[PDB]
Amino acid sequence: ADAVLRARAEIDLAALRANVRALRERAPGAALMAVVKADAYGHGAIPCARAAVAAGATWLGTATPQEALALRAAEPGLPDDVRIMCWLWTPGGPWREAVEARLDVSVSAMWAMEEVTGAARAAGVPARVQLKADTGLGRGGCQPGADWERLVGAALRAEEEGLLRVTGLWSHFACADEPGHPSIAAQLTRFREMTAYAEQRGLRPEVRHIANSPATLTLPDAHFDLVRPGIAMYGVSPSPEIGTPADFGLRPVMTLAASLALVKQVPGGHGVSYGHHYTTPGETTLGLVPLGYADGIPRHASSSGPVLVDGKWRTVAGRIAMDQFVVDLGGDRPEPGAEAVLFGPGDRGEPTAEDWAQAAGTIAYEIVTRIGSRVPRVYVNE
């Protein structure tokens, strides 16, 4: 009750559920994976995972093995039949703990194939392995040609020894948020080639999957067996080029709000905040919003971030500080403690995360994900 007075990030789990339902409707031939990496994109890993699973997600996706292990360890437990996949591995990571926790683990390289095979051997339980194909993104993923040939061969031998099963073949798009970008078709072609190859050699995955949010929303031919619509599950559109949340029956899950710390009159010609990059044009009132870049308010939104205060959109006045920023209230005199709504779903006349993204020269994914740990999350409709 006390930390929330300054500020809070309200997480509407009924919105999250509604988004999962909308995404399931949009991808009727596929299972839906709830991507809950990075503390569920800043929304809270476990509560969001629970909600998504209640709304019909049958897979959970995380980056690190620690994130996936925390899901498995949650109490009360998520259903034991939910598949949990993690993909960001480094040498010497906790492969054995993952295998014992029945996680689907991604493998993009021989080193990881060797480590997971060794861990399955030492645990006496077979691993569930997803082979990642680099189809054109040039990040994670095994390259086509000899690398893929070798990896597929090593996977087959490990299957032959009862040490694992390849449960999936997957990849990830570079440019799916730009509809008609040529790389999209090129990646889908290479994905079909590489998965056809793996299956010809003998692998029998349960799932094949490539689609992130923008592909889920715009490319039914990319749905395959499983879709991974991360940002959309949080009700945020991947890009204005793809559309608005409303275009897809989505509703932003996070509302970020604060309580004014100070409301004061100042003369004209008064500088505001570091460097004095704003100067009051005449006698006015200033409002102090007690969130700053340590809380995830991006310093790049200096002079531009929008905030609903006392019935009107205000903008940041000058530089955002570590813990606070100022707005010029133009003579209005809300009371101290009055609500300042930085972003939300938008139906109360407040800004959206996408407005902040534009103000900060970034994408809405970065805005929601990097809301700081100093801001308490308040869960509604759990």
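So that there is no doubt, residue numbering starts at 1 and follows the sequence shown.
- The mean C-alpha temperature factor is higher for 343 to 351 when 343 to 351 and 51 to 59 are set side by side.
- Between 244 to 252 and 177 to 185, it is 177 to 185 that carries the larger average Cα temperature factor according to the deposited entry.
- Within the selection 216, 302, 167, 284, the deposited Cα B-factor values reach their highest point at 284.
- Which of 122, 207, 210, 105 has the largest Cα B-factor in the deposited entry comes down to 122.
- Residue 270: CA B factor in the highest third of modelled residues in this chain (values from the PDB entry).
- Among the modelled residues of its chain, residue 126 has a C-alpha B-factor that falls in the highest third, as given in the PDB entry.
- When all modelled residues of the chain are sorted by CA temperature factor, residue 380 is found within the middle third.
- When the CA B factors of the chain's modelled residues are split into thirds, the value for residue 278 lands in the highest one.
- Sort the modelled residues of the chain by CA B factor and residue 225 lands in the middle third.
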